[PDB]
file coords.cif (mmCIF, C-alpha atoms and all ligand atoms)
data_final
#
loop_
_atom_site.group_PDB
_atom_site.id
_atom_site.type_symbol
_atom_site.label_atom_id
_atom_site.label_comp_id
_atom_site.auth_asym_id
_atom_site.auth_seq_id
_atom_site.Cartn_x
_atom_site.Cartn_y
_atom_site.Cartn_z
ATOM 1 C CA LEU U 267 -84.608 202.505 61.254
ATOM 2 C CA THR U 268 -81.533 200.209 61.199
ATOM 3 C CA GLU U 269 -80.711 197.505 58.635
ATOM 4 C CA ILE U 270 -80.920 195.104 61.662
ATOM 5 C CA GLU U 271 -84.477 196.203 62.694
ATOM 6 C CA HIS U 272 -85.615 195.754 59.033
ATOM 7 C CA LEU U 273 -83.996 192.255 59.018
ATOM 8 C CA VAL U 274 -85.908 191.258 62.241
ATOM 9 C CA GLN U 275 -89.212 192.371 60.542
ATOM 10 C CA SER U 276 -88.400 190.661 57.161
ATOM 11 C CA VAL U 277 -87.558 187.297 58.889
ATOM 12 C CA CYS U 278 -90.726 187.448 61.118
ATOM 13 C CA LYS U 279 -92.857 188.336 58.052
ATOM 14 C CA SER U 280 -91.393 185.447 55.933
ATOM 15 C CA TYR U 281 -92.111 183.085 58.904
ATOM 16 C CA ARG U 282 -95.730 184.376 59.308
ATOM 17 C CA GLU U 283 -96.348 183.875 55.516
ATOM 18 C CA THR U 284 -94.827 180.300 55.545
ATOM 19 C CA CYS U 285 -95.606 179.015 59.094
ATOM 20 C CA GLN U 286 -98.039 176.359 57.624
ATOM 21 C CA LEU U 287 -100.302 176.134 60.756
ATOM 22 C CA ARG U 288 -101.318 179.131 62.949
ATOM 23 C CA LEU U 289 -100.106 178.934 66.611
ATOM 24 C CA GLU U 290 -103.603 180.140 67.723
ATOM 25 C CA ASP U 291 -105.352 177.186 65.902
ATOM 26 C CA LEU U 292 -102.803 174.641 67.292
ATOM 27 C CA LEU U 293 -103.346 175.889 70.881
ATOM 28 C CA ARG U 294 -107.183 175.929 70.552
ATOM 29 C CA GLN U 295 -107.167 172.390 69.069
ATOM 30 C CA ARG U 296 -105.401 170.876 72.170
ATOM 31 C CA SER U 297 -108.567 169.430 73.748
ATOM 32 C CA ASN U 298 -109.280 167.684 70.409
ATOM 33 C CA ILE U 299 -107.509 164.336 71.141
ATOM 34 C CA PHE U 300 -107.772 161.014 69.198
ATOM 35 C CA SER U 301 -110.082 158.472 70.997
ATOM 36 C CA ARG U 302 -108.757 154.984 71.990
ATOM 37 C CA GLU U 303 -110.760 153.608 69.006
ATOM 38 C CA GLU U 304 -109.187 156.203 66.618
ATOM 39 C CA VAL U 305 -105.635 155.364 67.915
ATOM 40 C CA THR U 306 -106.245 151.565 67.369
ATOM 41 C CA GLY U 307 -107.514 152.409 63.816
ATOM 42 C CA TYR U 308 -104.104 154.082 63.082
ATOM 43 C CA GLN U 309 -102.091 151.238 64.775
ATOM 44 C CA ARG U 310 -103.916 148.619 62.589
ATOM 45 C CA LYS U 311 -103.042 150.386 59.261
ATOM 46 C CA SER U 312 -100.225 148.814 57.256
ATOM 47 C CA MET U 313 -96.628 150.176 57.521
ATOM 48 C CA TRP U 314 -96.901 151.179 53.799
ATOM 49 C CA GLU U 315 -100.147 153.214 54.293
ATOM 50 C CA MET U 316 -98.788 155.001 57.430
ATOM 51 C CA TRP U 317 -95.524 155.642 55.491
ATOM 52 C CA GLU U 318 -97.451 157.181 52.543
ATOM 53 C CA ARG U 319 -99.377 159.504 54.918
ATOM 54 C CA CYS U 320 -96.276 160.525 56.989
ATOM 55 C CA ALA U 321 -93.927 160.961 53.936
ATOM 56 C CA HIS U 322 -96.453 163.303 52.234
ATOM 57 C CA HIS U 323 -96.979 165.353 55.454
ATOM 58 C CA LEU U 324 -93.150 165.674 55.859
ATOM 59 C CA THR U 325 -92.675 166.631 52.160
ATOM 60 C CA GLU U 326 -95.333 169.406 52.486
ATOM 61 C CA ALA U 327 -93.721 170.666 55.739
ATOM 62 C CA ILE U 328 -90.303 170.775 53.905
ATOM 63 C CA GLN U 329 -91.824 172.813 51.017
ATOM 64 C CA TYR U 330 -93.023 175.454 53.544
ATOM 65 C CA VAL U 331 -89.385 175.642 54.841
ATOM 66 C CA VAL U 332 -88.027 175.993 51.224
ATOM 67 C CA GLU U 333 -90.421 178.993 50.671
ATOM 68 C CA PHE U 334 -89.319 180.468 54.068
ATOM 69 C CA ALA U 335 -85.650 180.139 52.955
ATOM 70 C CA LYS U 336 -86.391 181.702 49.534
ATOM 71 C CA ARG U 337 -87.828 184.828 51.289
ATOM 72 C CA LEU U 338 -84.781 185.288 53.627
ATOM 73 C CA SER U 339 -82.971 188.488 52.594
ATOM 74 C CA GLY U 340 -79.807 187.403 50.686
ATOM 75 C CA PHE U 341 -80.710 183.690 50.281
ATOM 76 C CA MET U 342 -81.604 183.943 46.540
ATOM 77 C CA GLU U 343 -78.307 185.964 45.929
ATOM 78 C CA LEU U 344 -76.233 182.866 46.975
ATOM 79 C CA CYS U 345 -75.072 180.636 44.055
ATOM 80 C CA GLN U 346 -77.349 177.639 43.467
ATOM 81 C CA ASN U 347 -74.790 175.103 44.897
ATOM 82 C CA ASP U 348 -74.868 176.926 48.306
ATOM 83 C CA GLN U 349 -78.741 177.209 48.335
ATOM 84 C CA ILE U 350 -78.822 173.360 47.973
ATOM 85 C CA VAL U 351 -76.074 172.739 50.592
ATOM 86 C CA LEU U 352 -77.946 174.910 53.166
ATOM 87 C CA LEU U 353 -81.460 173.450 52.407
ATOM 88 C CA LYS U 354 -80.150 169.808 52.262
ATOM 89 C CA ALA U 355 -78.393 170.158 55.663
ATOM 90 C CA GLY U 356 -81.008 172.463 57.277
ATOM 91 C CA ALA U 357 -84.619 172.170 55.989
ATOM 92 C CA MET U 358 -85.502 168.980 57.950
ATOM 93 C CA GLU U 359 -83.764 170.381 61.085
ATOM 94 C CA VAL U 360 -86.205 173.380 60.708
ATOM 95 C CA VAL U 361 -89.216 170.953 60.399
ATOM 96 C CA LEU U 362 -88.138 169.189 63.685
ATOM 97 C CA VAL U 363 -87.943 172.643 65.428
ATOM 98 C CA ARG U 364 -91.331 173.768 63.934
ATOM 99 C CA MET U 365 -92.858 170.575 65.451
ATOM 100 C CA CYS U 366 -92.718 172.075 69.026
ATOM 101 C CA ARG U 367 -95.562 174.530 68.083
ATOM 102 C CA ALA U 368 -97.792 171.465 67.314
ATOM 103 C CA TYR U 369 -96.705 169.557 70.501
ATOM 104 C CA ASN U 370 -98.533 169.459 73.895
ATOM 105 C CA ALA U 371 -95.993 168.697 76.738
ATOM 106 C CA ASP U 372 -98.936 168.239 79.235
ATOM 107 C CA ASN U 373 -99.945 164.886 77.527
ATOM 108 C CA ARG U 374 -96.972 164.306 75.049
ATOM 109 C CA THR U 375 -99.234 164.613 71.962
ATOM 110 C CA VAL U 376 -98.670 166.062 68.474
ATOM 111 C CA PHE U 377 -101.226 167.517 66.041
ATOM 112 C CA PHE U 378 -101.630 164.912 63.250
ATOM 113 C CA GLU U 379 -104.442 164.810 60.609
ATOM 114 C CA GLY U 380 -106.831 167.071 62.620
ATOM 115 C CA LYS U 381 -106.349 165.860 66.225
ATOM 116 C CA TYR U 382 -103.664 165.394 68.948
ATOM 117 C CA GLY U 383 -102.220 161.872 69.403
ATOM 118 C CA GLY U 384 -99.314 160.214 71.304
ATOM 119 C CA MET U 385 -96.277 158.516 69.657
ATOM 120 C CA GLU U 386 -98.201 155.129 69.886
ATOM 121 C CA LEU U 387 -100.294 156.443 66.848
ATOM 122 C CA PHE U 388 -97.226 155.495 64.686
ATOM 123 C CA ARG U 389 -96.773 151.870 66.030
ATOM 124 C CA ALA U 390 -97.157 150.317 62.484
ATOM 125 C CA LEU U 391 -93.936 152.042 61.169
ATOM 126 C CA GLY U 392 -91.709 150.038 63.573
ATOM 127 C CA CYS U 393 -89.639 153.176 64.389
ATOM 128 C CA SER U 394 -90.467 153.613 68.105
ATOM 129 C CA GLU U 395 -86.944 154.624 69.209
ATOM 130 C CA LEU U 396 -86.562 157.303 66.498
ATOM 131 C CA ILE U 397 -90.129 158.610 66.994
ATOM 132 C CA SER U 398 -89.533 158.602 70.816
ATOM 133 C CA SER U 399 -86.345 160.757 70.240
ATOM 134 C CA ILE U 400 -88.357 163.226 68.033
ATOM 135 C CA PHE U 401 -91.080 163.513 70.756
ATOM 136 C CA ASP U 402 -88.344 164.055 73.465
ATOM 137 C CA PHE U 403 -86.711 166.832 71.329
ATOM 138 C CA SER U 404 -90.093 168.653 70.954
ATOM 139 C CA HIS U 405 -90.614 168.110 74.744
ATOM 140 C CA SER U 406 -87.194 169.894 75.308
ATOM 141 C CA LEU U 407 -88.127 172.888 73.066
ATOM 142 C CA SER U 408 -91.660 173.184 74.556
ATOM 143 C CA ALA U 409 -90.257 174.317 77.983
ATOM 144 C CA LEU U 410 -88.826 177.518 76.247
ATOM 145 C CA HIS U 411 -92.414 178.557 75.195
ATOM 146 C CA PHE U 412 -90.850 180.085 72.011
ATOM 147 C CA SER U 413 -92.613 183.218 70.673
ATOM 148 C CA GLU U 414 -93.503 183.194 66.925
ATOM 149 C CA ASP U 415 -90.709 185.804 66.376
ATOM 150 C CA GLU U 416 -88.118 183.729 68.404
ATOM 151 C CA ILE U 417 -88.884 180.619 66.304
ATOM 152 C CA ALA U 418 -88.661 182.676 63.014
ATOM 153 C CA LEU U 419 -85.178 184.039 63.976
ATOM 154 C CA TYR U 420 -83.898 180.726 65.464
ATOM 155 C CA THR U 421 -84.996 178.704 62.380
ATOM 156 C CA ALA U 422 -83.412 181.318 60.057
ATOM 157 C CA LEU U 423 -80.080 180.582 61.900
ATOM 158 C CA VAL U 424 -80.631 176.773 61.625
ATOM 159 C CA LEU U 425 -80.581 177.311 57.809
ATOM 160 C CA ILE U 426 -77.950 180.128 57.453
ATOM 161 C CA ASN U 427 -74.868 178.256 58.827
ATOM 162 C CA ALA U 428 -71.433 178.981 57.175
ATOM 163 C CA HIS U 429 -69.924 175.735 58.724
ATOM 164 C CA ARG U 430 -72.025 173.361 56.506
ATOM 165 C CA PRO U 431 -69.430 171.354 54.488
ATOM 166 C CA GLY U 432 -69.566 171.927 50.659
ATOM 167 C CA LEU U 433 -70.260 175.738 50.527
ATOM 168 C CA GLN U 434 -68.479 177.482 47.540
ATOM 169 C CA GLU U 435 -69.038 181.092 48.859
ATOM 170 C CA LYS U 436 -68.441 180.560 52.611
ATOM 171 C CA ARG U 437 -67.707 184.340 53.105
ATOM 172 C CA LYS U 438 -71.135 185.372 51.636
ATOM 173 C CA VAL U 439 -72.920 182.876 53.975
ATOM 174 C CA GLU U 440 -70.876 184.225 56.985
ATOM 175 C CA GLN U 441 -72.089 187.800 56.193
ATOM 176 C CA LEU U 442 -75.789 186.691 56.196
ATOM 177 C CA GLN U 443 -75.190 184.549 59.345
ATOM 178 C CA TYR U 444 -73.547 187.444 61.310
ATOM 179 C CA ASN U 445 -76.497 189.802 60.428
ATOM 180 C CA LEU U 446 -79.103 187.127 61.467
ATOM 181 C CA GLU U 447 -77.146 186.419 64.749
ATOM 182 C CA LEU U 448 -77.156 190.173 65.532
ATOM 183 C CA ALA U 449 -80.935 190.406 64.680
ATOM 184 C CA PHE U 450 -81.779 187.457 67.024
ATOM 185 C CA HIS U 451 -79.567 188.753 69.895
ATOM 186 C CA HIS U 452 -80.882 192.352 69.382
ATOM 187 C CA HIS U 453 -84.509 191.079 69.514
ATOM 188 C CA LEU U 454 -83.978 188.913 72.685
ATOM 189 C CA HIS U 455 -82.397 191.975 74.388
ATOM 190 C CA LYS U 456 -85.277 194.298 73.278
ATOM 191 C CA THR U 457 -87.883 191.753 74.674
ATOM 192 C CA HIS U 458 -86.050 190.694 77.946
ATOM 193 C CA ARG U 459 -85.783 187.100 76.574
ATOM 194 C CA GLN U 460 -81.918 186.613 76.631
ATOM 195 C CA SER U 461 -82.674 183.826 79.240
ATOM 196 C CA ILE U 462 -83.614 181.353 76.395
ATOM 197 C CA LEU U 463 -79.966 181.446 75.000
ATOM 198 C CA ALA U 464 -78.631 179.120 77.820
ATOM 199 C CA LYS U 465 -81.637 176.770 77.211
ATOM 200 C CA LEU U 466 -81.380 176.221 73.387
ATOM 201 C CA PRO U 467 -80.482 172.624 72.341
ATOM 202 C CA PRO U 468 -76.335 171.559 72.229
ATOM 203 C CA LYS U 469 -75.926 172.205 68.438
ATOM 204 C CA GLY U 470 -74.843 168.649 67.582
ATOM 205 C CA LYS U 471 -78.120 167.362 69.105
ATOM 206 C CA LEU U 472 -80.356 168.723 66.321
ATOM 207 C CA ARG U 473 -77.847 167.564 63.615
ATOM 208 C CA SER U 474 -77.578 164.043 65.087
ATOM 209 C CA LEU U 475 -81.400 163.514 65.614
ATOM 210 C CA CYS U 476 -81.985 164.875 62.051
ATOM 211 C CA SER U 477 -79.320 162.581 60.427
ATOM 212 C CA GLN U 478 -81.059 159.506 62.024
ATOM 213 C CA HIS U 479 -84.533 160.788 60.864
ATOM 214 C CA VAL U 480 -83.470 161.442 57.221
ATOM 215 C CA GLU U 481 -81.558 158.072 57.057
ATOM 216 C CA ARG U 482 -84.866 156.301 58.055
ATOM 217 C CA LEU U 483 -86.877 158.365 55.467
ATOM 218 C CA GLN U 484 -84.302 157.385 52.754
ATOM 219 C CA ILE U 485 -84.747 153.640 53.661
ATOM 220 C CA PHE U 486 -88.605 153.853 53.478
ATOM 221 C CA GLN U 487 -88.289 155.891 50.211
ATOM 222 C CA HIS U 488 -86.083 153.080 48.798
ATOM 223 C CA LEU U 489 -88.623 150.320 49.705
ATOM 224 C CA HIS U 490 -91.843 152.269 48.929
ATOM 225 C CA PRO U 491 -91.074 155.515 47.040
ATOM 226 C CA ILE U 492 -93.587 158.398 47.060
ATOM 227 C CA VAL U 493 -93.540 161.065 44.327
ATOM 228 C CA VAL U 494 -94.181 164.804 44.563
ATOM 229 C CA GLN U 495 -94.078 168.026 42.504
ATOM 230 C CA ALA U 496 -90.634 169.486 43.501
ATOM 231 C CA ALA U 497 -90.743 173.130 44.736
ATOM 232 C CA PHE U 498 -86.879 173.186 44.256
ATOM 233 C CA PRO U 499 -85.996 170.554 41.590
ATOM 234 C CA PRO U 500 -82.169 170.740 42.015
ATOM 235 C CA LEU U 501 -82.663 170.025 45.800
ATOM 236 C CA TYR U 502 -85.340 167.284 45.211
ATOM 237 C CA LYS U 503 -83.016 165.484 42.688
ATOM 238 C CA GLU U 504 -80.218 165.451 45.357
ATOM 239 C CA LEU U 505 -82.558 163.761 47.961
ATOM 240 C CA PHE U 506 -84.890 161.575 45.801
ATOM 241 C CA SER U 507 -83.220 160.739 42.445
HETATM 242 O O1 LIG S 1 -88.344 170.453 46.118
HETATM 243 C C1 LIG S 1 -89.095 169.920 46.902
HETATM 244 O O2 LIG S 1 -90.278 170.136 46.955
HETATM 245 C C2 LIG S 1 -88.505 168.967 47.861
HETATM 246 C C3 LIG S 1 -89.286 168.278 48.768
HETATM 247 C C4 LIG S 1 -88.710 167.403 49.659
HETATM 248 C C5 LIG S 1 -87.339 167.194 49.649
HETATM 249 N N1 LIG S 1 -86.762 166.338 50.521
HETATM 250 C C6 LIG S 1 -87.462 165.786 51.648
HETATM 251 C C7 LIG S 1 -86.607 165.010 52.594
HETATM 252 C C8 LIG S 1 -86.855 163.708 52.938
HETATM 253 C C9 LIG S 1 -87.920 162.794 52.492
HETATM 254 C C10 LIG S 1 -89.244 163.044 52.821
HETATM 255 CL CL1 LIG S 1 -89.635 164.395 53.768
HETATM 256 C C11 LIG S 1 -90.264 162.215 52.394
HETATM 257 C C12 LIG S 1 -89.958 161.127 51.626
HETATM 258 C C13 LIG S 1 -88.652 160.855 51.279
HETATM 259 C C14 LIG S 1 -87.615 161.682 51.688
HETATM 260 C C15 LIG S 1 -86.222 161.336 51.285
HETATM 261 F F1 LIG S 1 -85.533 160.816 52.243
HETATM 262 F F2 LIG S 1 -86.167 160.470 50.328
HETATM 263 F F3 LIG S 1 -85.544 162.353 50.862
HETATM 264 N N2 LIG S 1 -85.969 163.302 53.807
HETATM 265 O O3 LIG S 1 -85.093 164.375 54.033
HETATM 266 C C16 LIG S 1 -85.514 165.415 53.296
HETATM 267 C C17 LIG S 1 -84.754 166.636 53.338
HETATM 268 C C18 LIG S 1 -84.999 167.819 52.605
HETATM 269 C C19 LIG S 1 -84.005 168.698 52.910
HETATM 270 N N3 LIG S 1 -83.164 168.104 53.789
HETATM 271 C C20 LIG S 1 -83.603 166.845 54.044
HETATM 272 C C21 LIG S 1 -86.556 167.889 48.744
HETATM 273 C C22 LIG S 1 -87.141 168.763 47.862
HETATM 274 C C1 LIG S 2 -89.653 158.456 60.858
HETATM 275 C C2 LIG S 2 -90.874 158.636 59.959
HETATM 276 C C3 LIG S 2 -91.018 157.472 58.993
HETATM 277 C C4 LIG S 2 -92.150 158.837 60.777
HETATM 278 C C5 LIG S 2 -92.257 160.132 61.565
HETATM 279 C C6 LIG S 2 -93.524 160.196 62.377
HETATM 280 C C7 LIG S 2 -93.882 161.552 63.020
HETATM 281 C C8 LIG S 2 -92.866 161.915 64.099
HETATM 282 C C9 LIG S 2 -94.061 162.658 61.962
HETATM 283 C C10 LIG S 2 -95.080 162.251 60.863
HETATM 284 C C11 LIG S 2 -95.775 163.542 60.376
HETATM 285 C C12 LIG S 2 -94.975 164.668 61.033
HETATM 286 C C13 LIG S 2 -95.586 166.066 61.090
HETATM 287 C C14 LIG S 2 -95.946 166.562 59.691
HETATM 288 C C15 LIG S 2 -96.254 168.026 59.665
HETATM 289 C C16 LIG S 2 -95.923 168.891 60.616
HETATM 290 C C17 LIG S 2 -96.246 170.367 60.444
HETATM 291 C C18 LIG S 2 -95.068 171.283 60.740
HETATM 292 O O1 LIG S 2 -95.511 172.648 60.704
HETATM 293 C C19 LIG S 2 -94.488 170.965 62.098
HETATM 294 C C20 LIG S 2 -94.062 169.494 62.174
HETATM 295 C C21 LIG S 2 -95.206 168.486 61.907
HETATM 296 C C22 LIG S 2 -96.210 168.555 63.074
HETATM 297 C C23 LIG S 2 -94.606 167.050 61.759
HETATM 298 C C24 LIG S 2 -94.035 166.485 63.078
HETATM 299 C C25 LIG S 2 -93.498 165.045 62.966
HETATM 300 C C26 LIG S 2 -94.550 164.080 62.397
HETATM 301 C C27 LIG S 2 -95.726 163.938 63.374
#
call {"tool": "encode", "arguments": {"input": "coords.cif", "output": "structure tokens", "more": "lines below"}}
Ligand SMILES: O=C(O)c1ccc(/N=C/c2c(-c3c(Cl)cccc3C(F)(F)F)noc2-c2cc[nH]c2)cc1
Ligand SMILES: CC(C)CCC[C@@H](C)[C@H]1CC[C@H]2[C@@H]3CC=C4C[C@@H](O)CC[C@]4(C)[C@H]3CC[C@]12C
result
Amino acid sequence: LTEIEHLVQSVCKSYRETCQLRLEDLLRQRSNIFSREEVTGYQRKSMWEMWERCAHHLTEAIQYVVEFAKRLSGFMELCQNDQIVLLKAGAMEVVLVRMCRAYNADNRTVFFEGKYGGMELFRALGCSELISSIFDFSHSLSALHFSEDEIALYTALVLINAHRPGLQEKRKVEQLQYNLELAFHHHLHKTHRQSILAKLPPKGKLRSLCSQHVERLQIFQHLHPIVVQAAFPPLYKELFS
């Protein structure tokens, strides 16, 4: 079988082994919705407690994306500088895409600490506009009904982007990007799903939402810093130190 068919299978496998939550569990858990009393309990928590809970959930989600990246064929053969450039620019963009699997467009809820709740759950953070933008982005993606394999291949391409400023081996990243682009396009053709290509987000949209999100995380980290065991210490030290 072709190099390309093996690449499709290796990306989909890496995604399945690092997807964090199973699509089947997320879909079954949709009727499990926070009560009005439970929502008020979250809204009454301090900004610093809600920050600690959200920062830790986001850090864990990032570490699943680092492991995904480390299993992509060719990623570990890039020099360490380029691994960090791609993960710094891309890992949180991948988390914001992965969110659509945990999002219910019928009631605008996300899976958070065991149940589905609306953006009002997060009232204590004082970030309603940013959180509203994140919910709207997931709402956009949800209308594609991405397959597990589509989201594996799309998120691989979010990370493997030869236009990220600061790459030292831009040609080696182009070669991996071209192969992943061919794998995605090959797979959409094979499954009669080329129709999603015209519906994917404007590329600057993900970058611009993500830059606002990370800027806000960096401000909270500065006021009330959390600490975690780095999966990728060189990357951690770039973001945290
Ligand atoms: O090695 C590891 O395990 C590891 C774990 C997490 C890392 N960064 C996470 C963050 C955060 C963030 C979060 Cl999630 C919570 C609190 C504070 C921050 C802060 F802003 F301070 F960085 N924000 O953006 C990213 C990011 C990562 C890649 N691109 C953007 C980096 C390495
Ligand atoms: C701006 C900062 C301070 C607050 C952000 C609040 C909201 C939007 C955050 C807090 C915790 C986050 C979740 C943490 C973990 C996961 C699992 C991952 O597989 C998909 C994304 C998902 C489901 C995140 C979606 C966004 C999320 C719900």
call {"tool": "residues_around", "arguments": {"input": "coords.cif", "residues": "residue 295 (chain U)", "least_positions_apart": "6", "cutoff": "9 Å", "atoms": "all atoms listed in the file", "output": "PyMOL selection string"}}
result
chain U and resi 377+380-382
call {"tool": "residues_near_ligand", "arguments": {"input": "coords.cif", "ligand": "ligand LIG 1 (chain S)", "cutoff": "8 Å", "atoms": "only C-alpha atoms and all ligand atoms", "output": "VMD selection string"}}
result
chain U and resid 320 to 329 332 353 to 359 479 to 488 491 to 492 494 to 506
call {"tool": "axis_aligned_box", "arguments": {"input": "coords.cif", "around": "ligand LIG 2 (chain S)", "padding_each_side": "8 Å", "output": "lines of an AutoDock Vina configuration file"}}
result
center_x = -93.0
center_y = 165.1
center_z = 61.5
size_x = 22.6
size_y = 31.2
size_z = 21.1
call {"tool": "closest_residue", "arguments": {"input": "coords.cif", "among": "U:370, U:268, U:398, U:301", "to": "residue 411 (chain U)", "atoms": "all atoms listed in the file"}}
result
U:370
call {"tool": "residues_around", "arguments": {"input": "coords.cif", "residues": "residue 289 (chain U)", "least_positions_apart": "2", "cutoff": "9 Å", "atoms": "only C-alpha atoms", "output": "PyMOL selection string"}}
result
chain U and resi 285+287+291-294+367-368+414
call {"tool": "closest_residue", "arguments": {"input": "coords.cif", "among": "U:305, U:423, U:396, U:391", "to": "residue 477 (chain U)", "atoms": "all atoms listed in the file"}}
result
U:396
call {"tool": "atom_distance", "arguments": {"input": "coords.cif", "atom1": "CA of residue 424 (chain U)", "atom2": "CA of residue 383 (chain U)"}}
result
27.4 Å
call {"tool": "resolve_selection", "arguments": {"input": "coords.cif", "expression": "the PyMOL selection byres (((chain U and resi 308) around 12) and not hetatm)", "output": "PyMOL selection string"}}
result
chain U and resi 300-307+309-313+315-317+319-320+378-379+383-391
call {"tool": "atom_distance", "arguments": {"input": "coords.cif", "atom1": "atom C27 of ligand LIG 2 (chain S)", "atom2": "CA of residue 365 (chain U)"}}
result
7.5 Å
call {"tool": "closest_residue", "arguments": {"input": "coords.cif", "among": "U:418, U:466, U:439, U:393", "to": "ligand LIG 2 (chain S)", "atoms": "all atoms listed in the file"}}
result
U:393
call {"tool": "atom_distance", "arguments": {"input": "coords.cif", "atom1": "CA of residue 403 (chain U)", "atom2": "CA of residue 425 (chain U)"}}
result
18.2 Å
call {"tool": "residues_around", "arguments": {"input": "coords.cif", "residues": "residue 399 (chain U)", "least_positions_apart": "4", "cutoff": "12 Å", "atoms": "all atoms listed in the file", "output": "list in words"}}
result
residues 362, 385, 393, 394, 395, 403, 404, 405, 406, 471, 472, 474, 475, 476, 478 and 479 of chain U
call {"tool": "closest_residue", "arguments": {"input": "coords.cif", "among": "U:376, U:344, U:360, U:371", "to": "residue 408 (chain U)", "atoms": "all atoms listed in the file"}}
result
U:371
call {"tool": "closest_residue", "arguments": {"input": "coords.cif", "among": "U:430, U:374, U:279, U:336", "to": "ligand LIG 2 (chain S)", "atoms": "all atoms listed in the file"}}
result
U:374
call {"tool": "closest_residue", "arguments": {"input": "coords.cif", "among": "U:288, U:433, U:333, U:273", "to": "residue 351 (chain U)", "atoms": "all atoms listed in the file"}}
result
U:433
